[PDB]
Each structure stands twice: as structure tokens, then as C-alpha cells.
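# Starting from these lines, generate the structure:
(7 chains, ligands or ions: 8)
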Amino acid sequence: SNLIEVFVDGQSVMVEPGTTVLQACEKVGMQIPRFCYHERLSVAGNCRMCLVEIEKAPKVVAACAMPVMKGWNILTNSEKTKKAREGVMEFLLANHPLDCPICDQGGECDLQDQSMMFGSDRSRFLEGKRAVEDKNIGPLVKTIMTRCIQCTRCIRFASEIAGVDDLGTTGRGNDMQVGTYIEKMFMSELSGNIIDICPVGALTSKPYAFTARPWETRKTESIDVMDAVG
Amino acid sequence: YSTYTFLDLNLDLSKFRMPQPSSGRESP
Amino acid sequence: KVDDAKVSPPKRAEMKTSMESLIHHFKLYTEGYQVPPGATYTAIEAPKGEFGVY
Amino acid sequence: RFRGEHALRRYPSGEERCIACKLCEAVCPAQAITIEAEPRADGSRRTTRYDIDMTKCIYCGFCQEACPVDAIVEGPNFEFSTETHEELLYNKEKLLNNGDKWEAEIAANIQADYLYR
Amino acid sequence: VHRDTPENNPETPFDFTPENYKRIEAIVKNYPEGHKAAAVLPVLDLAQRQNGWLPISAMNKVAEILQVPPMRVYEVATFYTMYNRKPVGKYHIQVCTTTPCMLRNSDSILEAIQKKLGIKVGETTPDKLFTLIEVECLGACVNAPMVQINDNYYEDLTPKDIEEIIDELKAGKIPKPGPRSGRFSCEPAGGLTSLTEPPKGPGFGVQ
Amino acid sequence: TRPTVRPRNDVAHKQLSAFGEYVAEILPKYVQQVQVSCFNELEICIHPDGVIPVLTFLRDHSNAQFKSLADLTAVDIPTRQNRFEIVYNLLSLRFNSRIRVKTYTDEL
Amino acid sequence: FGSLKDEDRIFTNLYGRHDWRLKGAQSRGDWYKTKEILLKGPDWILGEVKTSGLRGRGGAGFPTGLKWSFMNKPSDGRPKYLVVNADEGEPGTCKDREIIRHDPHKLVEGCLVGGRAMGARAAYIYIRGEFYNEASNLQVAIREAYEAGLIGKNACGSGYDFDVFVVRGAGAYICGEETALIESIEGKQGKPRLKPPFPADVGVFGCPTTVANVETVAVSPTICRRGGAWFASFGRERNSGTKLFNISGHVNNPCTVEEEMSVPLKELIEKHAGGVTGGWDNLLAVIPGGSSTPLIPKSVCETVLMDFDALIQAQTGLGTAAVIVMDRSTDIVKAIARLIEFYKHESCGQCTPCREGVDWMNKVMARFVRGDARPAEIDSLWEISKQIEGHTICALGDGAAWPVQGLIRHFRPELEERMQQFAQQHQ
Ligand SMILES: Cc1cc2nc3c(=O)[nH]c(=O)nc-3n(C[C@H](O)[C@H](O)[C@H](O)COP(=O)(O)O)c2cc1C
Ligand code: SF4
Ligand code: SF4
Ligand code: SF4
Ligand code: SF4
Ligand code: SF4
Ligand code: FES
Ligand code: FES
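Numbers count the residues shown, from 1 in each chain, chains lettered A, B, ... in the order given. Ligands and ions are numbered 1, 2, ... in the order given. Okay, here it is:
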């Protein structure tokens, strides 16, 4: 009664008519690597770090946005997929300058816990690396835009939830920045909450700016009372 | 040949003769 | 060194210019390798007798 | 390649070569090192407290080999042995001198040794 | 070029001629209602026309007309090419340089301008009226290294007569935007003739 | 794959399948599981009853010698509901092999 | 294919060029029988083109006959439109804009007669604004007829007639895809969507649209006016029709001609009119597609007929319908870089393979040409090109590598010796 069976890696699993690959292949306990996809936001397609390899068809699809039809064989781990996820994450390390000693996310970043486990080994480039320039927003968000893997996860969020529509995408070709065309500072509530979003260290917090790196701390859960919702 | 002046091109015969449009809504 | 570079650090010429040579030199000096589960044993001939590691 | 009393170099006109990236701290087996950064006035980051305990340090050669900006360096001087354990604990501003007392020793070893590793 | 504005003309000010508010009635009439919300491509460009390059207060103006947050404009003007955000000259000239236009040596219709016109590439003439660029994919490669001026194009050119096309323009004379030499329409020549005929006595597929 | 990856050897992995097949054959009162470690070593999961018994069979025989006791040890695992573990480890001098004998327990 | 041609008579699918540019009764050819066509059931037109089965001029396969009788069979709540590229993206195409320049009266019919098959509502066209003069005149051509009462809203004789709303772009490639054009018809920035939403006939303006091409909707009325049994004339049992080629870059008189399929390139290039460079000993290094196909050397190309699937037999086919060649002085390595230096400027820039992946080549291509550091690179640079295929959304990536993918094929040494030419030089 309204569900499909589809074999993920040779194992049957039920899925409502209209869940994507990624929401199926999560049900059996795998992460297709993720960059532009995020639950609470919307979805677009511009990372290209999830390429699942469908069974018996020469093209390679993308497991973010595309439905799942009567059962494919959704083949995560083969010699075809592993030919892509290694071939994208050597691209987005083309320009990503040689920070990590001092990029304040240097203990969680996702150009780090992907690109050891999944993807490449050493580099062949050998010369290059645009460096654009930063600006400022407010006395919270600190902005070095030299990095920006350009998921566009900070942008779909402004027009989304916190309703302030400002941030934009300015440019064409190898060069497009993100931050605002004019000089407008961007300030509101919940918009100090961006710096969970951005998967690499573009947007990092001001007061905390340089104090500790996150293997040393101690997570002791708590509750915030200044106000109603807690 | 007429560098400016798209006017009557857009607004003369087109303006009256582009019916209805209904085009619906989409309020949204 | 072993070549594959996930288990070996790179040289000081390589970690110091290209990109891939930090993220495997800067995650290799905090956590370690990732060595699969499962038990071993082994043995050698040390000058006075055997030596184990289990 | 000898190992011994510690130092912190600085480039030509001095930058206190250490950037406080918190590594020579995190590979340390004995856990001697202790580091507290906090953003210096201009906005370039540096340290405040840096303390190598000289009793705990087991003389690895793990803190000479993890520093990417190539600051902290085991000196080749066995000058040691003072009479009070209140002492051997080091602060930052004991180290730098102890590493600017000879840099004619140090700066001429690495350029023999750095071509191998 | 850089894509940030150093607060030039936040209030320039700028406005549309009351002769133009009667056309914007017609443009929006094209589209369906409630999605209208972007006519921006003609409407933002018409504004370039009234002025000749649009300052930042032009980008802010149409938003008050079109009720879209004016980062949904500054974006669209930084994507396309035709719009000029910075100031320009009286004639903004193009030299097509691409594989076909290279094969016929577009460099011919290019430099020998520096020896004539006496300015570098990408730089307006010291006064106003002239600047220089090059672009790709316009019109025909069937012609010579064709050249664009502003609203027109000069097909099938050569270093000899383009000396004129600029120099007669410096005088204020406008020399016929067409492939001045060879064949006027770019004709086959080799079966151009054909003797046009009515369509073979229709009533054909009447079935 | 060859240059940096440890080359395997099959022969050692065929026999220690056999010779361990049938020590689940001739002492089924005790042995409750057996397997082959991918590196060509064996692990015999044995109930706590046979300890003196099973070894004694391993103590002497003409098909399994295992005279040399090398390493006794332990491991202690919470959320195994029977905490500790033993692991005996025995070398049979004639036949050149290692076969380890795992026996669980509790404190009490 | 018959006689290995592809001839040209005054019997062709295009009426006139130098005769009459302005309006009228369509003195002979056009606007002939209408009320009889439209008054018969719409699906009579559907599949009646199958007698021809036009592959389509959009630079691809997928015969135009299917997609219109394809979905957009039903209708429910929301109108359907027509978006027909007038744009040219490929360098040296030039086929377009000749149709519009001297004979616009055809296509306004081409939609009206065509749009009835879609059951559509309105008619949009689209034109790169970079053509200011010629594109400006269509409105007159619209008016000079439409004003007479030839179109809309009943015109003529049916209860179904609707007008055509021109628009314009600026720096577009956007015709580089459908599902981009239908986005920048709207006024967003133009980043083409993902290909399978709901492919291009579900997700649309507000509501399903179909993206046609110029001579796909241009030649439809005349092929439904007569058809046959002459609809299939030249070309084998697979591809059939007569399309336009526009020769460029070496010839006596590079100019368009109507030529049917299966024509060999050795007679066609030489003809219309001459071969003016060396018909041979000029080495004839040729490019089948405009930008979408790599080189062919002096090999079987010259006998290889221009039929589509005949080209897939070679290492690359071409749907673009254009020709660029070379003789001697043009250094290919020098002459292919300014085909790549082009790609870097026309790309959207969403996807990680396209952006940041084309420059990796374009930054190195200025090494080879200049001549510069050692081989074994070539072996890598091939893998990069092999590494962008399923990885990009639009075809611009799949149309990004082929020139370089097919340069490493067919010419080995020209590079190998030049890296020496600077190697010996360094010495
Ligand atoms: C870079 C690029 C440029 C293109 N330019 C055009 C164009 O100028 N005109 C066109 O009709 N299609 C162009 N296309 C291809 C479109 O896919 C095509 O128009 C569309 O598929 C319609 O095909 P059809 O109408 O023949 O079925 C271009 C594609 C690319 C990648
Ligand atoms: S930011 Fe992300 S990627 Fe850039 S250095 Fe720090 S971690 Fe490595
Ligand atoms: S913040 Fe960094 S990641 Fe998040 S969108 Fe802007 S650039 Fe892409
Ligand atoms: S030396 Fe290397 S490790 Fe010791 S602090 Fe300075 S940077 Fe961090
Ligand atoms: S010297 Fe040996 S012990 Fe002291 S810190 Fe460096 S590594 Fe840890
Ligand atoms: S290639 Fe990738 S980036 Fe360039 S246009 Fe097609 S999709 Fe957008
Ligand atoms: S994760 Fe694949 S589209 Fe963003
Ligand atoms: S591309 Fe240069 S003129 Fe067509």
C-alpha cells in the first residue's frame, strides 16, 4: 500500500514513493558524502560530491535530488563510484589556500574529514590559486572569502528561514564572490546562527575568534535560560 | 537603424492587439 | 617510508607547498591512522628470547 | 641531529616564529607542552603562556617534527642542572632567550639536516 | 575590473523620462500577472539607454518599481555582458577574435588601430568618444573579421577601409553597416541563381 | 596493488581451515565456535567447562602436538554481560602453527 | 543514400531570399492553405511529420517528431507555451540570422501552424540582443502581417490563434541549454537547472513548456504542407532531410548552401564554390562540428559523408551543422587554444567540475602552445578530460573536453616535438 522496494547494495528496503536516493540510502546506514545538501534548508545540485552509481546504465546520477523508481540496484561502493568521488574532491582542493594551521575551524572542517577518508592522496596542479578579497559584515561574522568551496549553503539560507533577503552571487566563470554587492552590513537575529552552516572556514565567529581548537573541549549538555522557548 | 524608439514597436500595434491576456493567477 | 601517505607523513618539501599535503599531515598528527578492528598476535627473536605483542 | 635544550627561533626581524597552531602540543606523548593563544593587538595571532616542563619531557623528537611553520627546535646544548625543581618548568620568556643565546649553533644545523627529511 | 562599488552614486540621482512610463505599461503587459516580478531584462536595459551607462542608483531605482530586494538586481547586472556598469565612450567598439575570426586574421582589423587611433586595448580614448574591446560569438563567421561599433556591425572588413570607418566616424559620417565589399548579402556564388518559383503547384498533401 | 600492499599467501589459509574444521568434530561437548583470522590464525570459541579437558586433548595427540604454551592473557569488556575474557595461546612445535583458545567468564 | 548526394535544385525547403523581403499575401509560397490544416484534428499534424522525422537542429539527436507527440499529450490546469531559440552559441554557426534577416514571414507561421500541435497558449521567441538591427525588424514583420488580421485570436478561421512576444538577452549563452532559457526568460540569473526535475516539459515558466529550435519549427509547415514521400528524400533509412551548412575559415567563397544528407566532405568543401586553399597539399585538417567536435586529419573524413551516424563512426559526430577547416600556416595547437579560452568565459559556474575544472586545462594550454615544461603531462591532461563527463549538469562540460579529448587523439607528435623545440632552446 504505497511504497516501493529498492535494493541498496543488494539489500531490499522500503521507501515512500518520492524519497530521493539519499533519504533511502540513509535508512540502511550509509552517508553518501554531502556538500550542498542539508536537511532543514532546500536542495540544489552544485556540489557534485554525491555521485551514486546506478546499476546497468552508463551515466552516473546524483543522489541529492532525483526520485527513486521501481527498484534500481543502488550501488554505492564499486569501481565506478570510487572513480568520481575521488575526482571531484581533487577539484575543490585546487584552490583552497594553505591554511589549516590557523583556520579556526581547523579541527572540524569538511575539506578534512572527507578528503582523508574519501577521495584523493596527493596533488598535481602545480601552480595557480586565485585569492579574492574579504570585506566585513558586522561585529560577529568574520569573513575570509579566500576559501568558499561555494556550496551556496549560506545563501539559500538567507532567502530561506530568517527572512532577510540580502546575500547574493555576483559574477561569472571561475570568479564569483558571495558577499554583498554594496556595503550593506547584514544584521538580524538567527543570522548570527550562520556559522554552523558553512562547511568550511569561510564564516567564523568574532568573539571566540582565536582561543581554543576543538579537540580539547568538554561537551557537557545544558539549557539556555534567557527567555521562553529555552 | 532606430537606436532608441522601441515604443510603437512595443506599444502601438502590440499594446492593443495582444489579447487578452487572461494569464490567470498565481496570486500567489 | 611506506608510499601510500595516509600512513606515512610526507616530506617537508611536500607538506609545505601543495594542498593535499596538509590534510594528511595535519590530521595525521592529531588522530592517528585508522586501523581496522580485529585482533592479532606476533612474535620475534629478541636477543634473550621471544617478544610478543597481542 | 642531536636532541636537547629547547628554543624558539624568530625570522629576520623578529616575528616570534610560533603561530600558536596548537600542534606541538597535541602530538606530545608526555603532555609537557601547554599553550594559550589570544589574538594579539594588530590581529595577527600569537601566544601568551607557553610552558615546556623539563622534567616530563621525554625527549621524543615529536615536537620538532610536527611544527609546520618550523618554530620549535630542540637545541644542541646540554646546559642544565640547576638546584631547585621550582625552576626547570619554563615560561615563554625564558625560552626565547635560551633560543636567542645561540642561534649561530641552531641556524647552521638545520641546513645540514633538512635535506634528508 | 572589480565587481564592488566604492560608493560612487548612491544618490546620483536618476529618473526615467515621463515618456518612458507609458512603455513600461506595455512591457509588463507581456507577462502573466503575479509572476511579473521580473521584466528586468528590458526594463533594466532601457534605463541604460536613457543614460548610456547605469550607475548604482539606477540599480536601486527599478527595485522601487519592481518591488524586488535590490540584491535581486545588482546580481543580474553583474552576470550578463552588454550592460556597462562603469562609464564608457561615445563609441564602444568590438573586434571579433575566435577560431574562425582568427583564421582570417582578425589581428588585421585589430592592431594597426594603435598606430592609427593611438590608444591601447581596454582603454577609452583620453577624451571620451572611443574605447576598445574584443568579444566572441556574435553574428557571422562567414564574413571577414567583422567589427561592431555600437548598434551596428561592419561585415567583411580589411585594414585598408577600416581606417576610413573610424576616420569617417570621427568626422560624424556613418558608413553603411553592411559587408561593404564582396557580396552584399553573403551570397553562395556557386548556385546563387536558382530562379525563385512558386511552390511547385500546391494542392500537394491535401490527401 | 602490488607495490605497497602486503602480498597474501593462500596455502596457509587452506589447511587451517581443514585442521580446524574437525576439532569442532571430535569435541562437540565443549567447542561452540571456530573461525579463521584473515592472516591465517585460528580462534576457537570454547564454553568455560572445557579448559583442562580441551587443552589435554591439545596437550598430546599425533595429529596435534601443541606442547608450547606461549601467552596467557585477558581482555575485559563491559556490555558483554559476562565481563572478562581469557585467551590461551599455544604453539605446536612440530606442525608450525598458532591456535588460540578463547573462554569467557565472569567475576563470581 | 542513393547517388552519394545531396544536390541543390530550386526545389528546396526554403522559399526565397533575394526576391521579396517585405510583407504581402506571401505572393507564391507561404500562408497558402491554413484553415483546412487547423480545422482537422490536431494529432493529425502530430506524427504526420514522422514521414520526415526531423532529427532536429538543436545540436543533438532526438528527432523533433517525438517530443511534440511526447508528453504534452494531455492538458489540465495550466497553460502551455512555446520557447524557440533564435540564439547562436556556437562559434562559426551563422546558420541562424540568415533565416530571419531576409524572410521573417515564415516563422510566425511556423509557430502558429506549429503551436497548434502543442495545444499551446502563447508564443515566445528569444534572440540575443547582440543583434540589434535585424532582430529589431521582426516586430514590423509581426505587425505587417499580424496587423492585417492573419494571427489572433481566432485568425484565421479557427477558434485558436495567439500572438508571439519577442524578448531579448544580453551576454547570454543561455540557449546553451533548455532549462536555462526558460529560467532567464523569467529574469533570474540563468543558472541552468538540474536536468531531471521533472525534465523540461514539467518544470517550466509556471507551467509546461517545450524548447524548440529555428529550422525545427521553420521547416515544419512546408513539410506538413507537402510532405511525402518527399519528406524522406536523401540520407539513409536513419537520418533523412536536407539541412543548411555554412562553410567558414578556408574557402573560395564561404557561404551557405542548402545541401541534403550523406554528402561527402571532399566534393562539398571544394564546391560552393571553390577550394581556394590547396584542395590538397594544404593538409586539410578539418573540424566537423562548430565547437562540439574535434579534429579529423586527411583520413576518411574527405570520403566520409555528412550523415549524422556516419560521423559517430568516426571518433566524433556533429549536430551543430557548421564547418571550419585549416590549411598550412594556422598552427592547430595555436588555433585550438582560442577555442578553449572561449569556454572559460561562457560557463555558468555552479558545478565544481565545470568551474575550476576547465581552467585547470586553460591554464596549462598556455604552456604547450608557448612551449614549456616536459611531456607525461599530455598523459594526465587526457585524464582530466576523461574526468568531466557525467560530472557536470549541462552539456557545456560534455562539450568542453571533446576538442582537447580529440586533439590528443589524431595528432601525437606535433606537441612532442614542440616541447623539444623549447627543450633544445633552453639548452
Ligand atoms: C554552448 C551551447 C550553445 C548552444 N546554443 C544553441 C543555440 O544557439 N541555439 C539552439 O537552438 N540550441 C543551442 N544549444 C543546444 C540546445 O540544447 C538546443 O537548442 C535544444 O536542445 C533544442 O533542441 P531541439 O529544438 O533541436 O530539439 C546550445 C547548447 C550548448 C551547450
Ligand atoms: S579551512 Fe577547511 S580547508 Fe581551509 S584549511 Fe582550515 S580546514 Fe583545511
Ligand atoms: S559560506 Fe563558504 S560555503 Fe557557505 S556558501 Fe558562502 S562560500 Fe559556499
Ligand atoms: S611551533 Fe608549530 S606547534 Fe609549537 S606552537 Fe608554533 S605552530 Fe603550534
Ligand atoms: S620534547 Fe618530546 S616530550 Fe617534550 S614535548 Fe616535544 S615531544 Fe613531547
Ligand atoms: S557546465 Fe557546469 S557550470 Fe558550465 S554551464 Fe553547464 S552546468 Fe553550469
Ligand atoms: S550534495 Fe550532491 S548536490 Fe549538494
Ligand atoms: S564567433 Fe567570431 S564572429 Fe561568430
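# Of all the residues in chain F, which one is nearest chain G?
residue F:3 (19.0 Å; C-beta to the nearest C-beta). (C-beta placed from N, C-alpha, C; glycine too.)
# check contacts around that residue.
Neighbouring residues of residue F:3 by C-beta atoms under 8 Å, 6 or more residues apart in numbering or on different chains: residue C:3.
# how near is it to residue G:306?
50 Å (C-beta to C-beta, to the nearest Å).
# looking at it, residue G:108 is touching residue G:146, isn't it?
Yes - if you go by C-beta atoms under 8 Å, residue G:108 and residue G:146 touch, sitting 7.3 Å apart.
# ok, what's across the strand from the most centrally placed residue in chain D?
Nearest to the geometric centre of chain D sits residue D:72, at 3.4 Å (C-alpha atoms, centre = their mean). Applying DSSP bridges to residue D:72 yields these beta-bridge partners: residue D:8.
# give the contact list for it.
D:6-8, D:18, D:24, D:63-64.
# What is the neighbour count of residue 45?
I'll assume chain A. Residue A:45 is flanked by 19 other residues according to other C-beta atoms under 10 Å in any protein chain shown.
# Chain D, not that one
Neighbour tally, residue D:45, other C-beta under 10 Å: 19.
# contacting residues around residue 18?
The chain I'm using is chain A. With contact set as C-beta under 8 Å, 6+ apart, residue A:18 has these partners: residue A:67.
# Switch to chain G, please.
Applying C-beta under 8 Å, 6+ apart, the residues near residue G:18 are E:185, E:187, E:196, G:102.
# any idea how far the residue of chain A at minimum distance from chain D is from chain G?
With C-beta to the nearest C-beta as the measure, residue A:101 is the residue of chain A nearest to chain D, at 3.6 Å. Distance of residue A:101 to chain G, given as C-beta to the nearest C-beta, to the nearest Å: 24 Å.
# Check residue E:94 too.
Plainly put, residue E:94 is 9 Å away from chain G if you go by C-beta to the nearest C-beta.
# which residues does that residue form a beta bridge with?
residue E:148.
# That one: what's it in contact with?
E:133-135, E:138, E:147-149.
# Tabulate those residues (a markdown table), appending distance to ligand 2 and neighbour count.
Shown next, in a markdown table, are the contacts of residue E:94 (distance: C-beta to the nearest ligand atom, whole Å; neighbours: other C-beta atoms under 10 Å in any protein chain shown):
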| residue | distance to ligand 2 | neighbour count |
| --- | --- | --- |
| E:133 | 37 | 13 |
| E:134 | 37 | 17 |
| E:135 | 36 | 16 |
| E:138 | 41 | 19 |
| E:147 | 46 | 24 |
| E:148 | 44 | 22 |
| E:149 | 48 | 17 |
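# on that earlier part again, show me what contacts the residue nearest to the residue of chain A closest to chain D when sequence neighbours are not counted?
Excluding the flanking residues, the one nearest residue A:101 by C-beta to C-beta, 6 or more residues apart in numbering or on different chains is residue D:21, at 3.6 Å. Residue D:21 makes contact with A:101-102, A:106, D:67-69, according to C-beta under 8 Å, 6+ apart.
# ditto for residue F:24
Applying C-beta under 8 Å, 6+ apart, the residues near residue F:24 are F:31, F:34.
# can you tell me how far it sits from residue F:76?
With C-beta to C-beta as the criterion, residue F:24 and residue F:76 are 27 Å apart.
# same question, residue G:208
67 Å.
# The residue nearest to residue D:75 when sequence neighbours are not counted and ligand 1: what is the separation?
If the residues on either side of it in the chain are set aside, residue D:75 comes closest to residue D:5, at 4.4 Å by C-beta to C-beta, 6+ apart. Residue D:5 is 66 Å from ligand 1, where distance means C-beta to the nearest ligand atom, to the nearest Å.
# Quick check: the residue of chain G nearest chain E.
Closest point on chain G to chain E, by C-beta to the nearest C-beta, is residue G:187, at 2.3 Å.
# burial count for residue B:10?
22.
# and it, that's in a helix?
Yes - under DSSP: H, G, I helix; E, B strand; the rest coil, residue B:10 falls within a helix.
# just checking, it touches residue E:26?
Yes - in terms of C-beta under 8 Å, residue B:10 counts as a neighbour of residue E:26; the distance is 4.7 Å.
# Ramachandran coordinates for the residue lying farthest from the centre of chain C?
In chain C, counting by C-alpha atoms, centre = their mean, residue C:48 sits farthest out from the average C-alpha position, at 27.9 Å. The phi and psi values for residue C:48, taken as degrees, to the nearest 10, are phi -100, psi 0.
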